[PDB]
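The structure appears right after this line, and notes come after that.
Protein chains: 2
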Amino acid sequence: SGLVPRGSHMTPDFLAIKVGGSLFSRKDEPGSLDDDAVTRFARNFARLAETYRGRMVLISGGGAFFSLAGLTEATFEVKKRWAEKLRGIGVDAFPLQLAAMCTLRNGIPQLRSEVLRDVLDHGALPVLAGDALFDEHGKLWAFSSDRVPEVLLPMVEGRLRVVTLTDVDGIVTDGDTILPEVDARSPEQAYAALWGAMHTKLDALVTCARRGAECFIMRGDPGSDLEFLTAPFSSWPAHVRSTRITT
Amino acid sequence: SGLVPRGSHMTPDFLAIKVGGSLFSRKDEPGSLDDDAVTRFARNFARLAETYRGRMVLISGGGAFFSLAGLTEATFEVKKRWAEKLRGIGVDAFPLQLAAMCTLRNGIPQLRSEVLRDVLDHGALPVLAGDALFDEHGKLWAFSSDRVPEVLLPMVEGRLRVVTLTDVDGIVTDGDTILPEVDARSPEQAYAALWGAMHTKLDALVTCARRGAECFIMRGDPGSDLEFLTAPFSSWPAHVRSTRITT
Ligand SMILES: Nc1ncnc2c1ncn2[C@@H]1O[C@H](COP(=O)(O)OP(=O)(O)OP(=O)(O)O)[C@@H](O)[C@H]1O
Ligand SMILES: Nc1ncnc2c1ncn2[C@@H]1O[C@H](COP(=O)(O)OP(=O)(O)OP(=O)(O)O)[C@@H](O)[C@H]1O
Ligand SMILES: [Mg+2]
Ligand SMILES: [Mg+2]
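Chains as they are written, first to last, in the authors' numbering: chain A, -8 to 56, 70 to 178, 182 to 202, 211 to 262; chain A', -8 to 56, 70 to 178, 182 to 202, 211 to 262. A prime marks a further copy of an entry chain.
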């Protein structure tokens, strides 16, 4: 309910990192992950998981969509692949089926967060992903991985940082240039820049920013060190590109 | 809270069918299902699912066990295999990760049943299995597939029938003979007959019977027609063997 100190000079209290499916899945084989990419990412996420032990979730994109029962199985498989890889390197990773613990009411996800808190409360790493969710009149919908950070909003106290890793440096305006900053209260310019994919990321991150989260769209790379994600924005290395979305 | 009419001449209101892993998994390859067996069972379960649409759960045994994060993935895979097969023949089957929707409090599972009811409420078939569950002090335990019917007890109104299909005709007393009936209020003779596997089934089914369920241990066979499971016990075909556990 209360006043949370926020700013570019403050350390985040919780990290939700979303890795886009385009970064670890082969076009050259649809349905197929690139094990090298998953392995190298996993190593960089493990470092973050150890610093943010009990204060981080990993959200995977990817996994091919009542025929949406298939979707829940496809996204479970992706969670399993990340969780397995992470555990192979010493990280206590537990995959959770969002469909079993979250429904939609008037379009807003309602997480029954007891298990998620349990995994966190005792210092493990929840591995999440998009899913098929039921709503209040009992219908099933496809809920994108990009929107999964929204589920954390009621639960996370303090400063939530959401990072969505994708295959572009940020929101580009045309093209010549990226938008370094978006005010979630008036994000017209950002929507106007889009050519849906990036639209879904933007809606999701504006929603989270309205509830106080510091959000980023930036480029992921399996090899890239991500430790700066634990640090105040003001202390980030020079020449990191991102679109930062805050209120 | 109220008086439920029960008896050998009454039709069940809800079916929980548990299929033992020994019935559809190869010894000759551990971790490996027998697709023929799953296919033929699925056909017999589909018939029941259509009659008990919205009034049945399928519980799978099988799937090899913080290293119990592996267990939740192993049992998810088994659920997926059943769900996929069932959907291939017209049944609206949705697999649910028990670990995401159920914790232990003082050893008793506490199901957050909203999603399970949603899958049921709108006439689909939940596919369940054993799992790793967290408890109230946040520890993870292996929760056998045999105990999964216990999770339904608070939720199911009316007459619950639990059927556990295994590789024996019932509880054999030595050996020459099976116990056709066990009174759950005084099941000494049944425990005394056991030589744990069958012990876990018996504890689980005595617990459910104490809460009014009509429970059975009987032999499963991929080919066997199971329609009599929709019918009052008194009308079952002659020479069906089972151990029936009631209060
Ligand atoms: N203004 C814009 N700036 C940057 N990208 C944009 C813009 N408008 C549209 N896009 C598109 O959005 C894409 C990024 O979103 P996309 O949904 O394709 O990938 P991803 O979500 O990271 O991976 P996944 O969808 O597999 O989880 C870019 O590759 C780009 O083609
Ligand atoms: N009195 C008894 N009557 C019958 N079976 C008994 C008795 N005592 C012990 N058992 C053993 O219990 C076994 C059945 O339980 P078991 O756990 O092995 O299989 P299942 O549970 O159906 O398959 P899964 O364990 O793969 O889910 C029998 O095969 C038998 O060896
Ligand atoms: Mg996308
Ligand atoms: Mg057993």
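Think of the CB as a built atom: it goes at the ideal place given N, C-alpha and C, for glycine as much as any other residue.
Residue i versus residue j: straight-line alpha-carbon distance, rounded
i	j	result
A/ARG109	A/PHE138	9 Å
A/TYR198	A'/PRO130	40 Å
A'/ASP240	A'/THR184	24 Å
A'/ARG(-3)	A'/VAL95	29 Å
A/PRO158	A'/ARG121	24 Å
A/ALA228	A/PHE36	20 Å
A/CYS230	A/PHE32	20 Å
A'/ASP4	A'/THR215	25 Å
A'/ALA103	A/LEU115	14 Å
A'/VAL189	A'/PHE98	33 Å
A/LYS89	A/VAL29	8 Å
A'/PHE70	A/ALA128	9 Å
A/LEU132	A'/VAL255	46 Å
A'/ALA200	A/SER148	53 Å
A/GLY142	A'/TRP202	46 Å
A'/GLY235	A'/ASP171	6 Å
A/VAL176	A/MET213	11 Å
A'/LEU100	A/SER(-1)	41 Å
A'/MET105	A'/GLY162	23 Å
A'/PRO113	A/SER13	39 Å
residue 263 of chain A	A/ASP173	Here chain A covers residues -8 to 262 and nothing more, so residue 263 of chain A does not appear.
A/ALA146	A'/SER193	50 Å
A/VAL48	A/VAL155	11 Å
Bounding residues of the alpha helix (DSSP H) (the contiguous stretch that carries residue i)
i	result
A'/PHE80	73 to 92
A/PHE248	Premise fails: A/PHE248 is in no alpha helix (DSSP H) and is neither H nor E.
A/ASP125	118 to 125
A'/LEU186	Neither: A'/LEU186 is in no alpha helix (DSSP H) and is coded neither H nor E.
A'/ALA146	Not the alpha helix (DSSP H): A'/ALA146 falls in the beta strand (DSSP E), residues 144 to 147.
residue 203 of chain A'	No coordinates exist for residue 203 of chain A'; the numbering of chain A' passes from 202 to 211 with nothing in between.
A/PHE32	26 to 42
A'/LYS216	212 to 225
A/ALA103	102 to 105
Range covered by the beta strand (DSSP E) that runs through residue i
i	result
A/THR261	258 to 261
A'/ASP135	135 to 138
A'/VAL167	164 to 170
A'/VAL48	47 to 51
A'/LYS9	5 to 10
A/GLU161	Careful: A/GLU161 lies outside any beta strand (DSSP E) and carries neither H nor E.
A/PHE15	From DSSP, A/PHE15 is part of no beta strand (DSSP E); its letter is neither H nor E.
A'/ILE112	112 to 115
A/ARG234	229 to 234
A/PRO99	97 to 99
With 16 other Cβ atoms within 10 Å as the buried cut-off, status of residue i
i	result
A'/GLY182	exposed
A/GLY211	exposed
A'/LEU(-6)	exposed
A'/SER23	exposed
A/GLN196	exposed
residue 206 of chain A	Since chain A is numbered 202 and then 211, with no step between, residue 206 of chain A has no place in the structure shown.
residue 180 of chain A'	No coordinates are present for residue 180 of chain A', because the numbering of chain A' runs from 178 directly to 182.
A'/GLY134	buried
A/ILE232	buried
A/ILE50	buried
A/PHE56	exposed
A'/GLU20	exposed
A'/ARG151	buried
A'/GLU77	buried
Taking a Cβ distance cut-off of 7 Å, strictly less, list which residues of the stretch 135 to 155 of chain A are near chain A', in chain order. Across the stretch 135 to 155 of chain A, CB contacts with chain A' closer than 7 Å involve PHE138 and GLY142, in sequence order along the chain.
Three or more C-beta pairs closer than 8 Å, one from the stretch 76 to 95 of chain A and one from the stretch 36 to 46 of chain A': is that the case here? Not touching, per the Cβ criterion.
Contact the stretch 8 to 26 of chain A' vs the stretch 247 to 262 of chain A: 3+ CB pairs below 8 Å: Short answer: they don't touch.
Near-chain A' residues of the stretch 107 to 124 of chain A - C-beta to any C-beta below 8 Å: Along the stretch 107 to 124 of chain A, the positions whose C-beta sits under 8 Å from a C-beta of chain A' are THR107, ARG116, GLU118, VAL119, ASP122 and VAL123, read in chain order.
Using a beta-carbon distance cut-off of less than 8 Å, what residues from the stretch 30 to 44 of chain A approach chain A'? For the stretch 30 to 44 of chain A, which is checked against every Cβ of chain A', not one residue is closer than 8 Å.
Three Cβ pairs or more, each shorter than 8 Å: is that satisfied between the stretch 151 to 166 of chain A' and the stretch 212 to 227 of chain A'? The stretch 151 to 166 of chain A' vs the stretch 212 to 227 of chain A': in contact.
So if I threshold CB-CB distances at 7 Å, which residues from the stretch 89 to 102 of chain A' count as touching chain A? Of all residues in the stretch 89 to 102 of chain A', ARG91, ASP96, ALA97, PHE98, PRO99, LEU100 and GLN101 have a Cβ within less than 7 Å of some Cβ in chain A.
In chain order, what residues of the stretch 75 to 86 of chain A put their CB closer than 9 Å to some CB of chain A'? Those residues of the stretch 75 to 86 of chain A that come within reach of chain A' (Cβ to Cβ, closer than 9 Å) are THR76, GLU77, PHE80, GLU81, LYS83 and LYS84.
Check distances from the C-beta atoms of the stretch 6 to 22 of chain A to those of chain A' and list, in chain order, the residues that come in under 8 Å. For the stretch 6 to 22 of chain A, the set of positions with a beta-carbon nearer than 8 Å to some beta-carbon of chain A' is empty.
Give, in chain order, every residue of the stretch 231 to 252 of chain A whose Cβ lies closer than 7 Å to some Cβ of chain A'. Taking 7 Å as the upper bound on Cβ-Cβ separation, chain A' lies near no residue of the stretch 231 to 252 of chain A.
Contact list for the stretch 158 to 176 of chain A against chain A', Cβ threshold 7 Å: Under the 7 Å Cβ criterion, the stretch 158 to 176 of chain A contributes no residue.
Could you name the residues whose beta carbon sits closer than 5 Å to any heavy atom belonging to ligand 5, keeping them in chain order? No copy of ligand 5 occurs in the structure displayed; its ligands are ligand 1, ligand 2, ligand 3 and ligand 4 alone.
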